[PDB]
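Next comes just one chain, in C-alpha cells: the form deposited in one PDB entry.
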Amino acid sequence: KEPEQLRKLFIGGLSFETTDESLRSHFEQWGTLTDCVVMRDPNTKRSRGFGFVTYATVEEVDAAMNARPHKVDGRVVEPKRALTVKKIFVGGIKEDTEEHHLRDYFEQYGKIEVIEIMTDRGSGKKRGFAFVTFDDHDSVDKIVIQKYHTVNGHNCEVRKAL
C-alpha cells in the first residue's frame, strides 16, 4: 500500500453544511475512501470549512484531481494533495537536453504552458537547468513527491520554483 500521506486530499472551501457523509458520498465517485473528515469547532460543532479524504490508492487521488472542478453541496471546493505553485526547476539536464525531451516527459504530469531552457547570459551556452510552467498546481505536486526523475538519460533534480 502506498503511504497514507500520499493518498490524502485536503479539501478547502467547503460549504459549512457539508458533513462527513456528504463529503464521502461525493468523493467516493472516484475511488474507495478509507477516511473522510469534515473539520469542526470542538465546542460549537460548526464546520471550519475544510476537511480531508483518504483514498485507497494514489491512482484514485489522481482520478479525483482529474475530475476537478468539484462542486460539493453547491459550492466549488479546492482539493490539494499533501506551497501552491505551477512552476518547477529542473536541474542536471546538462547541455544535450532539448525542449522536446522535457515536453515529452513532463506533459504526462499536466498541461505545459512554458518551457525555459536556461542559457548563459554572456556565451549563450546551455547551463544545464530549465523551468517548466504548467496550467495547474497538481502537476507540480505530483512531480515533486517522486523520488526520481529521468529525462534524456539524466537523473534530474526537480523542485518547486517561486
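Residues carry their position along the shown sequence, with the first being 1.
The deposited sequence places 10 or more unmodelled residues between residue 82 and residue 83. Set 99-107 against 34-42 and average the Cα temperature factors; 99-107 ends up higher. Set 65-73 against 122-130 and average the Cα temperature factors; 122-130 ends up higher. The maximum CA B-factor among the listed residues 151, 23, 9, 140, taken from the PDB record, is found at 151. Among 93, 112, 53, 56, the highest C-alpha B-factor recorded in the PDB entry belongs to 93. In this PDB entry, the Cα temperature factor of residue 116 sits in the top third of its chain's modelled residues, the highest group. Placement of the Cα temperature factor of residue 136 within the chain: highest third of the modelled residues, per the deposited record.
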